[PDB]
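Engineer: coords please:
(2 chains)
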Amino acid sequence: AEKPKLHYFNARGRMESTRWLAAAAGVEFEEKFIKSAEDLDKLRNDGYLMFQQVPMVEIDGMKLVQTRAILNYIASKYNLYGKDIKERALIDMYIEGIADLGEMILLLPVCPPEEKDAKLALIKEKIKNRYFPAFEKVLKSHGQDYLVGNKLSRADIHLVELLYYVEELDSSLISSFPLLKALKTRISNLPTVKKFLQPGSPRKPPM
Amino acid sequence: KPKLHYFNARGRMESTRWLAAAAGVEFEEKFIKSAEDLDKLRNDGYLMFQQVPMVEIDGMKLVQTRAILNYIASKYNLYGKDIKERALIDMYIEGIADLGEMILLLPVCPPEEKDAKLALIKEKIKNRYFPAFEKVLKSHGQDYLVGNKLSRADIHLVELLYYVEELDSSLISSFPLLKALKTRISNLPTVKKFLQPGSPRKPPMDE
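Structural biologist: Numbering: from 1, shown residues only, chains lettered A, B, ... in the order given. Take a look at the structure below.
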């Protein structure tokens, strides 16, 4: 078959969690960077973007836009979405929480300086009182190596992706959560993830 | 019977009310009225991220809108036949949610920004979203968005068409197929029942 093709800017943005997930799944893919406005216009004009926006991933005859659509399909194809419907609910619950926190951090740079030193305080407070304790609690509930069904899933990947960004913001934030640390160590040590974390992978830098 | 915990309002629960009801599911609701109605669910451990919507369903307490919806869509055979169908469904409904979201928080928009944000929402409706969906209907000529059969995508799009009608009734005017769909979907027994006075269908907010 043809290798999936990822169309985005040569940046993290809204395409990174897809890069992490496909790499974690050991899926080989090609990137096509948008590097000019005219490049993006090429895409619209050719009819490649349903809602005129990227990320778009070409995969299995499809031109999938919308991060959640692209990720849902990849997680499913490569068996990282639970073994049943109830497992998918826990997974969706977890990863939607991660997306919410993700979202905040993603857009934190593109706001005013006036709204900034409170939005940061508000992010850090939610990490430490809402988000991190909830994932710790889940890992403590079962004592197992993965978040769901004692098997690696997209929740592990997306959370560990998130714990990497949380590190860049403030490395002290995980410090009271030992099981999250252990998870971040365990997942970074999986062969595919470890390859992704190595220099030269498709992992992107911060802005 | 599933139990919706939300405020007595549309909010982030309404699209679940539509979907439950389209699928012939009787649910109960439990309305939060005070900040200490909310505060009870948090300390009771009922909310994973201390937030509503929450649905009690099949022994789970599911939070996050997308988790609830995905679960209900699959359980009631409204999520397509396979992963490729779901992907087209996901692509479509995430587009819908993106527009839904802009419309959902128009009321809470800073008042000096409201004029531009409203004007931008209409531009997107007219140029981005409504044509994408007209083009889909026109490409297969079939009565439903996906798989020649009822899916959550038809339900979510129709719901949106009603919020767009409340905003500006001219917007749908040159989208014949969107018009045709809104009509056919609103005459499905369960939906017609939902649109009738005295259902769990919630009003627009006003203050």
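
Engineer: Who are the packing partners of the helix or strand hosting residue A:135?
Structural biologist: Taking DSSP states H and E as the criterion, the element that holds residue A:135 is helix A:132-142. Packing partners of helix A:132-142 (3 or more Cβ pairs under 8 Å, 6 or more residues apart in numbering or on different chains; DSSP states H and E): helix A:85-107, helix A:178-188. Heads up, the C-betas are built off the backbone N, CA and C, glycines and all.

Engineer: at 7 Å what do you get?
Structural biologist: helix A:178-188 (3 or more Cβ pairs under 7 Å, 6 or more residues apart in numbering or on different chains; DSSP states H and E).

Engineer: Any chance you could list what contacts the helix it packs on?
Structural biologist: When contacts are taken as Cβ atoms under 7 Å, 6 or more residues apart in numbering or on different chains, the neighbours of helix A:178-188 outside the stretch itself are A:132, A:135-136, A:139-140, A:145, A:156, A:160, A:163, A:174, A:193-194, A:197.

Engineer: Redo those residues as TSV? Include neighbour count.
Structural biologist: Output for the contacts of helix A:178-188, formatted as TSV (neighbours: other Cβ atoms under 10 Å in any protein chain shown):
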residue	neighbour count
A:132	20
A:135	22
A:136	18
A:139	19
A:140	12
A:145	14
A:156	25
A:160	22
A:163	21
A:174	18
A:193	22
A:194	12
A:197	15
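
Engineer: just the angle between the helix holding residue A:135 and helix A:85-107, please?
Structural biologist: Note on geometry: by axes from the mean of the first three to the mean of the last three Cα atoms, to 10 degrees, helix A:132-142 and helix A:85-107 are set 150 degrees apart in direction.

Engineer: Pull the distance from helix A:132-142 to the chain's centre.
Structural biologist: Per Cα atoms, centre = their mean, to the nearest Å, the displacement of helix A:132-142 from the mean C-alpha position of its chain is 19 Å.

Engineer: pretty sure residue A:104 is in contact with residue A:123, am I right?
Structural biologist: Yes. The pair residue A:104 and residue A:123 passes the contact test of Cβ atoms under 7 Å, sitting 5.3 Å apart.

Engineer: So for these two, which sits in the more crowded spot?
Structural biologist: Here residue A:104 and residue A:123 are compared on neighbour count by other Cβ atoms under 10 Å in any protein chain shown; more neighbours surround residue A:123, at 19 against 16.

Engineer: Could I get the full set of helices for chain A?
Structural biologist: Counting by DSSP state H, chain A has helices at residues A:16-25, A:37-46, A:67-77, A:85-107, A:116-126, A:132-142, A:154-169, A:178-188, A:191-197.

Engineer: Report all helices and strands that the fourth one contacts.
Structural biologist: Okay, so that is helix A:85-107. In terms of contacts (3+ Cβ pairs under 7 Å, 6+ apart), helix A:85-107 is packed against helix A:116-126, helix A:154-169, strand B:60-63, helix B:65-75.

Engineer: can we see that at 8 Å?
Structural biologist: Here helix A:85-107 touches helix A:116-126, helix A:132-142, helix A:154-169, strand B:60-63, helix B:65-75, going by 3+ Cβ pairs under 8 Å, 6+ apart.

Engineer: mind checking which of the ones you listed is nearest residue A:71?
Structural biologist: Residue A:71 sits nearest to helix A:154-169 of all these, at 7.1 Å, using Cβ to Cβ.

Engineer: what's that closest one in contact with?
Structural biologist: Applying Cβ atoms under 8 Å, 6 or more residues apart in numbering or on different chains, the set of residues contacting helix A:154-169 from outside is A:16-17, A:20-21, A:24, A:71, A:75, A:80-81, A:90-91, A:94-95, A:98-99, A:101-102, A:105, A:123-124, A:127, A:135, A:146-148, A:173-174, A:180, A:183-184, A:187-188, A:193, A:206.

Engineer: Check which residues of that helix are buried.
Structural biologist: Buried residues in helix A:154-169, counted by 16 or more other Cβ atoms under 10 Å in any protein chain shown: A:154-163, A:166.

Engineer: Can I get it in PDB, CA atoms only?
Structural biologist: Only the C-alpha atoms of helix A:154-169 are listed here, as PDB (Å, rounded to 0.1, in the frame of the first residue of the first chain):
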ATOM      1  CA  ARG A 154      -3.700   5.600  23.100                       C
ATOM      2  CA  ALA A 155      -4.400   6.900  26.600                       C
ATOM      3  CA  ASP A 156      -0.900   6.000  27.700                       C
ATOM      4  CA  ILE A 157       0.600   7.600  24.600                       C
ATOM      5  CA  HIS A 158      -1.400  10.900  24.800                       C
ATOM      6  CA  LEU A 159      -0.800  11.300  28.500                       C
ATOM      7  CA  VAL A 160       2.900  10.600  28.200                       C
ATOM      8  CA  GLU A 161       3.000  13.100  25.300                       C
ATOM      9  CA  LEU A 162       1.300  15.600  27.700                       C
ATOM     10  CA  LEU A 163       3.700  14.800  30.600                       C
ATOM     11  CA  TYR A 164       6.500  15.800  28.200                       C
ATOM     12  CA  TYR A 165       4.900  19.300  27.600                       C
ATOM     13  CA  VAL A 166       4.200  19.700  31.300                       C
ATOM     14  CA  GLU A 167       7.900  19.100  31.900                       C
ATOM     15  CA  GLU A 168       8.900  22.000  29.600                       C
ATOM     16  CA  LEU A 169       6.500  24.300  31.500                       C
END
